[PDB]
Each structure stands twice: as C-alpha cells, then as structure tokens.
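# Report on the structure
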Amino acid sequence: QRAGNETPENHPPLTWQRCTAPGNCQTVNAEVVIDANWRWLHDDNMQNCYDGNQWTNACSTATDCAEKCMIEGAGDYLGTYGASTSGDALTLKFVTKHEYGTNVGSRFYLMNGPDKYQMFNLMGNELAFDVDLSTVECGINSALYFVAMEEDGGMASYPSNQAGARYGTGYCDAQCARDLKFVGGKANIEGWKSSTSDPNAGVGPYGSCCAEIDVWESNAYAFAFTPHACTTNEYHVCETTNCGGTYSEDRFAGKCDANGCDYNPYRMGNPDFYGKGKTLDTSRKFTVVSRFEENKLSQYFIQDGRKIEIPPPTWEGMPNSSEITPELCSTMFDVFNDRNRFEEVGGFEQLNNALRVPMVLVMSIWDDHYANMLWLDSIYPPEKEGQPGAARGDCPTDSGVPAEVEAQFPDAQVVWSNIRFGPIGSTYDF
Ligand SMILES: OC[C@H]1O[C@@H](O[C@H]2[C@H](O)[C@@H](O)[C@H](O)O[C@@H]2CO)[C@H](O)[C@@H](O)[C@@H]1O
Ligand SMILES: OC[C@H]1O[C@@H](O[C@H]2[C@H](O)[C@@H](O)[C@H](O)O[C@@H]2CO)[C@H](O)[C@@H](O)[C@@H]1O
C-alpha cells in the first residue's frame, strides 16, 4: 500500500560490525525499523483501513486496499513499541501499555540505509551477538534470526506497496504469514478471520513463505537452533490450502518446513546446563557464536570469559554432537517420532541451498497464543508425554498463556547487543 503522510517514520540506530580477524572487527552505524503489522492503517481522512483485528468499511478488496490506504510511522519506539538503543545495545520490553492502549511485542530488522535492508553473506560465515534474556520467562520468546526477505521489503517486486523496507514490509518465514495485513503487495482483507485471543491479530488467506534460519529461539529456561527449508527458499506468495505452518489448515501443507530440524538442548536430554545459574547460566548476559557451513551447523557460547560447548544428545540411535548434520537430521525423526519435512522438502542439500540465500538479521520478542511456547520450554506436545522430544525445558504446561503471562511479568525485556559477523571463526578467538 501507500505511505502514511501524517507521521514521519523514525529509524533508531544500531552499531554492529563486520569482523575481519578475531580482533580486527569494524563497526557499521546501522539503523532499525519495525514490521508493518504494528503500524496504523487508514483512509485519507483519519478513518482506518482496518482495526482491532478487523479490516474496515474504509477498504473493500485486497487489490483496492493497496491503493486506497497507507501505513504510518511509529516514532515513540520507547513510549509506544518499547524499543531502545545504547549504541550496540538495544531493548524490547515485553508488555507496553502506552498512553492510548497496550501493545504486545516487537519485531525489528537491520538496515543498510532507510530505503535498504541489511542482507547477509550466510554460508561460510558466522553470526555473533550477546543477549540478556535474564528475565525473559516461560511463555515468551526473544528471537534473533535470519530470513530471505528481499532487500527492499518487497517493493521492487511489488508495485502496489510503495512503502517497503523503511516501514517494515514484506515479511515471510517457514510459518507463512497469513497473519500479515498485506501480502504480495495487496491486502489480506477478503475473507480475513479474526481469532479469539489476539485482539490485534487475525488471519488472511495470503501468507508469504521463504527460507527461515533461526539460530536463536530462547528464554531463561530453554532454547533451540533451527533452520527451516522451503522448496522455494525465497520470498513466495502462498494461497490458502496451499499455505502451511501456524496459520493454515495443515502445517506441512505448503512449500516450506515449519517444524524443521532443531537443536533444543533439553529436548536432546541435557536438562541441567542452560538456565538461571546453570552451566549456561541465563540470569546474566552471555554470548552466542553461530556458524553456518555446508552440510553442518555450529554454535558456541562465551560466559565470564569462558567458551561454552553444547551438550550432545542422550538418545540412543542419535549422533554424539551439537553440530547440525544430516546424521542428526536423519537419525532424529522416527526416534523422536515426528513428521519429517526436513528431507520431505529435500534434506541438508535444500538447506545447503537455503544457506546460500541472502538473509536479514531479525530481532524479536513475543508470546505464543497457539502453543503457549510449549514447543520451546516444556513438555510438547502434551498429547501424551513420557517420550523423547516431548520435553523441551524446565517450564510447566499451563504456562505460555499470553494473557496471564502478560500479567505476572509485563516489564520483562530482551537485551540484544554486540552483534558480530564475518568469515568463519572471525568475531571471537575460539
Ligand atoms: O501486539 C503487537 C502487534 O501484534 C501484531 O501481530 C503479531 C503477533 O502478535 C505476533 O505474535 C506475531 O509473531 O506477529 C504478528 C504480526 O506479524 C499485530 O499485527 C499488530 O497490530 C500489533 O501491534
Ligand atoms: O506449533 C508451535 C510452534 O512449532 C514450532 O516448531 C515446533 C513444531 O511445531 C512442533 O510440533 C514440534 O514438536 O517442535 C517444533 C520446534 O521444536 C514452530 O517453529 C513455531 O513457529 C510454532 O509456533
């Protein structure tokens, strides 16, 4: 759609840095912007083009909304979207009760200029950073990760969206975003169905799918490293039954892997390692190092100067190592006993493909209304329990209920920072 002229869109800064040698790294005075889903929608006279989680009378069809409406800028990322920056440091406060409402969550992208995004040289390169999720409790997710959203937020490819990257347009992942207000540069208005729980969210028949690289999915109790692969690893527009993931009728009904090949440590049987005071003690800041190599993935940590390894899986049949490999991805699925879309959409090769797609460094905090994040920090799925892969973390089963969790700790926050990138083994000396 068009750009909203009432507000000027502010893009907070955020130094990050290419890393030549493990000591000679140089800083980039980047910036950041938020996804369009958190932005106000309206016709040429204050009246919105959507509202609550219901599209409006000021709007009619997908192809009409793209032209009749426009998106505005946020501005008070502090006072409205709870974001903050300290140079390299950044902060996103879970629950954000601004003057006229209470906004839940945030999602940001790196920016090589206000028009442009920060794409990344994935394969054969590593990503670093540091996080203080020290008070990110069960039910919540502070996520850092890459995905192949086109450099200009889908503006080139789509003529009807003349807003683009500078306002946070064109997002996709392995879930396929049916929740997106707009997709392929049109509106998700025609047939739009608003859920029960989420008064902000609904779901449209048009989701956009692309390759999804989630080195980070975490919390004070558990995490996972997870690559998702697509037939088409790049931005593509799906259509209803031919959509998969979260918002669709069948999860694996698509072009993409929404379950994927995760390393979830506690899921792999090493339950006393990560957490408050634990081996990987999450009550205080620590560093993640993630490399991305052909047919293999790796990730260390560095706490109190000390380089922390990753627990190997207990599970008989399964290979002894953290490293993401086919040996993993293969001897993983009947063992745990889940539907394998990893290789159902083309093994480590399609991901060895996915890897070589230019990516963007996302940054997010949320709360899942659909699994209550049970898939990350507890016994999932609780359709039985007592088997491998069930468990996930030290968290309980009635936790993750967005509301109730949004009521006990609404001031929790993630602190993203020290982001590093470069050739393999070149952001730290380990
Ligand atoms: O609550 C803030 C924001 O929610 C947006 O929907 C989010 C959803 O809550 C989150 O769980 C999911 O990961 O992303 C979707 C949108 O991508 C909603 O679009 C906004 O109106 C609202 O400001
Ligand atoms: O559906 C919840 C959640 O699933 C995440 O992947 C899950 C998968 O759906 C679940 O069935 C399996 O047991 O665990 C994996 C991850 O460990 C998916 O990535 C999320 O987007 C989704 O909300």
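## Notes on the site of ligand 2
By nearness alone, every residue bordering ligand 2 is listed as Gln 175, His 228, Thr 246, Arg 251, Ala 258, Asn 259, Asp 262, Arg 267, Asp 338, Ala 371, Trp 375 and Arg 392. In the environment of ligand 2, an oxygen atom lies 3.3 Å from a nitrogen or oxygen atom belonging to the side chain of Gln 175. Here an oxygen atom of ligand 2 and a side-chain polar atom of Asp 262 are 2.6 Å apart. Expressed as a share of its isolated accessible area of 480 Å², the protein-covered part of ligand 2 is 87%. Split into classes, the residues belonging to the shell around ligand 2 amount to three nonpolar, four polar and five charged.

## Overview of the site of ligand 1
Around ligand 1 lies a shell formed by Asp 35, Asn 37, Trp 38, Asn 103, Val 104, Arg 107, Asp 179, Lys 181, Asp 198 and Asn 200. At a separation of 2.8 Å, an oxygen atom of ligand 1 approaches a polar side-chain atom of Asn 37. Here an oxygen atom of ligand 1 and a side-chain polar atom of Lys 181 are 3.2 Å apart. Isolated, ligand 1 exposes 480 Å² of accessible area, and the fraction of that covered by the protein chains is 89%. Residues that form the shell around ligand 1 fall into these classes: two nonpolar, three polar and five charged.

## Looking at the sheet that holds strand β27 (residues 306-308)
Read across the open sheet, the seven strands follow the order β3-β2-β30-β15-β25-β26-β27; overall the sheet is mixed. Two strands bound the open sheet, and with one partner strand each, they are β3 (24-28) and β27. Between one strand axis and the next, the sheet turns by 25 degrees as a mean value, whatever way the strands run. With six bridges connecting them, strand β15 (residues 125-131) and strand β30 (residues 416-423) associate as antiparallel partners.

Criteria and thresholds
Residues numbered from 1 in each chain as written, not as in the entry; some residues may be left out. Chains lettered and ligands numbered in written order. Heavy atoms only, no water. Residues with missing side-chain atoms left out of burial classes, pairs and counts. Near = heavy atom within 4 Å. Polar contact = N/O pair within 3.5 Å; in protein donor to acceptor, adjacent residues only side chain to side chain. Areas by Shrake-Rupley, 256 points an atom, 1.4 Å probe, with all protein chains shown as cover. Nonpolar A, V, L, I, M, F, W, Y, C, P; charged D, E, K, R; others polar. Pairing = 2+ DSSP bridges. Helix = DSSP H or I, 4+ residues; strand = E, 2+ residues; numbered from the N terminus. Axes fitted to C-alpha atoms, helices over the stretch in contact; angles between N-to-C directions.

That is the geometry; function is a separate question.
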